[PDB]
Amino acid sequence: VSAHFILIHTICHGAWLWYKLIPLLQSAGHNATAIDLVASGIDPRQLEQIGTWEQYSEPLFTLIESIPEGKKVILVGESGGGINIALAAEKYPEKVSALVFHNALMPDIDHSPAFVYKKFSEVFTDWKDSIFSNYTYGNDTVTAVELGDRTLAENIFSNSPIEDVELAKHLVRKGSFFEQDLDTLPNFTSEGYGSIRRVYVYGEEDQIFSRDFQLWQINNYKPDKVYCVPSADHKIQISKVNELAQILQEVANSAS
């Protein structure tokens, strides 16, 4: 089995995050591609040039457009990246064989695309030393975050090697969830996002996405399969890559 995975990071993060996983997938025969979204990683744009999911997601869309024939990709989205892969599946359902959510926001079809994010914001507010800020983009004022050291070390990379905490500390950039724009979008549909195999992977020691919250997401719109990864934090791809690679192997096999 040879599959093409596209790996999508959350806000504030970037392609670099997937560094442990790419080689594992490639050793198993697969193609694994991680890209920077706009104003993320080393993308030269700045956040203020951007205020919408369509522009934030451009590089993912552009990439999927360039997939040939009736070939299909597996989209893997972590944390807030789940929204990105959901948009992509809604826009190019023919090109996606499976969606993998990785401690990720997993939308549904019965509610606004921002529903699942509003629930997270309602239930987690312990941002500690993270710095919030906002800016103007047309008629919207946009709220942005720079992730704090304690947030990285205690809540996100909570069970990863300290050197990965230190790595993130010199790489994370200002990010936003563009919530006004998200709320603005039409619900996902049965025939788009809803037509694709969805796999929910989560980490037993996630200190930002509670067990309660991730279970809520699973029950709110049941996926085709669920995996719990013992001892993993929010960043499975950093704290337990081998398990994550094992799981992704099965997803590839199951895709066909």
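Sequential numbering from 1, following the sequence displayed.
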Higher mean Cα B-factor in the deposited model: 231-239 or 20-28?
-> 20-28
Going by the entry, of stretches 244-252 and 11-19 the one with greater average Cα B-factor is 244-252
Quick one: which of 152, 104, 172, 99 shows the highest Cα temperature factor in the PDB entry?
-> 99
Of the residues 139, 79, 176, 84, the one whose Cα carries the largest B-factor in the deposited record is 139
So, residue 187's CA B-factor, relative to its chain, sits in which third? The middle
Would you mind ranking residue 162 by its C-alpha B-factor against the rest of the chain and naming the third, lowest, middle or highest?
-> middle
State the tercile, meaning the lowest, middle or highest third, of residue 35 with respect to the CA B-factors recorded for its chain.
-> middle
Third assignment of residue 49 from its chain's C-alpha B-factors = lowest
What third of its chain's C-alpha B-factors does residue 147 belong to: lowest, middle or highest?
-> lowest
